[PDB]
Amino acid sequence: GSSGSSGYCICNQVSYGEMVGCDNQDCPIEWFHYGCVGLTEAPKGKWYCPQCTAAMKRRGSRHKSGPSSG
Ligand SMILES: [Zn+2]
Ligand SMILES: [Zn+2]
């Protein structure tokens with residue numbers, strides 16, 4: 001059993017250093033490192049973690065989620 005860190009960022013590490021809270025409160029992390037996501041500096045506009053933008057993108061165009069059979 002590995003205990004100690006709260007595992008937040010995608011790297012499964014504690015929430016330290018300059019972190020950017022995902023705009024989507026629903027986000028399971030809502031906290032990613034700047035070096036992990038690549039943010040030399042705070043985002044002027046709205047910033048969405050790579051975990052959401054990936055999901056939202058699929059839901060957008062080609063929104064076809066039917067029954068899995070075959
Ligand atoms: Zn990280
Ligand atoms: Zn997110």
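Residue numbers in this text run from 1 along the chain shown.
Backbone N, Cα and C define each Cβ position, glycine as well.
If you look up the PDB entry, you'll see 1-7, 65-70 marked as cloning artifact.
Here Swiss-Prot flags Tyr8, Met19, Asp23, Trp31 as site 'Histone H3K4me3 binding'. Marked as Zn(2+) 1 binding site by Swiss-Prot on the basis of similarity to another entry: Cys9, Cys11, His33, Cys36. Annotated Zn(2+) 2 binding site per Swiss-Prot: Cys22, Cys27, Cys49, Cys52, in sequence order.
Positions of the features from Swiss-Prot, shown on the structure.
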residue: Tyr8; record: site 'Histone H3K4me3 binding'; CB count, 10 Å: 18
residue: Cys9; record: Zn(2+) 1 binding site; CB count, 10 Å: 20
residue: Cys11; record: Zn(2+) 1 binding site; CB count, 10 Å: 11
residue: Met19; record: site 'Histone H3K4me3 binding'; CB count, 10 Å: 18
residue: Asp23; record: site 'Histone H3K4me3 binding'; CB count, 10 Å: 15
residue: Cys27; record: Zn(2+) 2 binding site; CB count, 10 Å: 16
residue: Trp31; record: site 'Histone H3K4me3 binding'; CB count, 10 Å: 18
residue: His33; record: Zn(2+) 1 binding site; CB count, 10 Å: 20
residue: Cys36; record: Zn(2+) 1 binding site; CB count, 10 Å: 16
residue: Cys49; record: Zn(2+) 2 binding site; CB count, 10 Å: 23
Integer Å distance between the CA atoms belonging to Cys11 (Zn(2+) 1 binding site) and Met19 (site 'Histone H3K4me3 binding'): 13
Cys22, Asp23, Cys27, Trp31 filtered to the recorded positions whose C-alpha is within 10 Å of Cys9 (Zn(2+) 1 binding site): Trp31
For the Zn(2+) 1 site built from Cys9, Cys11, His33, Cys36, further residues of that chain with CB within 8 A of the site's CB center: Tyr8, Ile10, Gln13, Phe32, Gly35, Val37
Sequence-ordered recorded positions from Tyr8, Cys11, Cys22, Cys27, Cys49, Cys52 with Cβ under 6 Å of an atom of ligand 2: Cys22, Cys27, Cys49, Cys52
Proximal residue to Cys27 (Zn(2+) 2 binding site) among recorded positions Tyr8, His33, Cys36 (C-alpha distance): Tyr8
The one of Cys22, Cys52 whose CB sees the fewest other CB atoms within 10 Å, among these binding-site residues: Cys52
